[PDB]
Each structure stands twice: as structure tokens, then as C-alpha cells.
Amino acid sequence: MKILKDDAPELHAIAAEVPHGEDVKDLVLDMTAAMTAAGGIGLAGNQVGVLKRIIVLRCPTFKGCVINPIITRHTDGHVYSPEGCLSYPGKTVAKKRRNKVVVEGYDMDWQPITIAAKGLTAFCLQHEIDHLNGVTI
């Protein structure tokens, strides 16, 4: 895969729900490889031209994929999160993020997963889910 250029339309598009049970194993492998090759800690389908709701992460309290990730709970208010993005090399933005989130979805074997995250990992998750909605820093 390739990390799309900062002017790619896919970055602003909405990624489609993955049909339940669809074989995503190779896609996740490719996405993980793209993320690590670029020295990232997270990556979303849109960033590699895959308009499917798949994220991959290598964050302090979560490493792996989430298929159809959703935020089911979060803290009120916002906190400071300085973030870069593999799609925007050289740019750091001070984002407002929820300090804690719970993210739910499916793993590559279509087992339901739940991720309770705070701080950096919570920011990671919110940033990647944003990508799937065409939202960038």
C-alpha cells in the first residue's frame, strides 16, 4: 500500500461499514505493514485508499485492529492532545479530545472486542475513527 498524498479525496470521504464476516485478514496485514513502514502508531482505511471502516493501532494500551469501530462511552469535556498524522507529514495540531473512551467493534476473526482507553491510546482511537468519517487534524 501507499500512504495517500495530503490532497487525496479519500481523506475526506466516508468509509463504508464492513459487511459482517467479510474476510479482512489480508487488508489488515497490508494496513499494519503500511502503518509500521511509515513509523506510525495508528492508521485508518481512508489513508491507504481503502474506504472501509478498519483501523490498525500500535498504542500504549492497545495494539491490533478494529473492524467497524464505534465509541460507546466517553468522558465529558475535552483535554489537550497534540497530534500528527501520517497523511500530513510535518504537521502537529493541538486537538481537543475526550480523555477516556470505550471503543467497540470486531477483531479480524469477527470476535466482538471492547477497548477501554485513556490518554494517548484514547487520542489514537479518536483520531483513527475520525479518519473513517473523512475528518482530519
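Start at 1 with the first residue shown and count on from there.
In this entry, 109-117 has the higher mean Cα B-factor, the comparison being between 109-117 and 122-130. For the pair 48-56 and 90-98, the record assigns the higher mean C-alpha temperature factor to 90-98. Listed residues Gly42, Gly77, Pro69, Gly84 were ranked by CA B-factor as deposited; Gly77 comes out on top. The entry lists a Cα temperature factor for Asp26 that places it in the highest third of the chain's modelled residues. When the modelled residues of the chain are ordered by their C-alpha B factor, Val135 lands in the lowest third.
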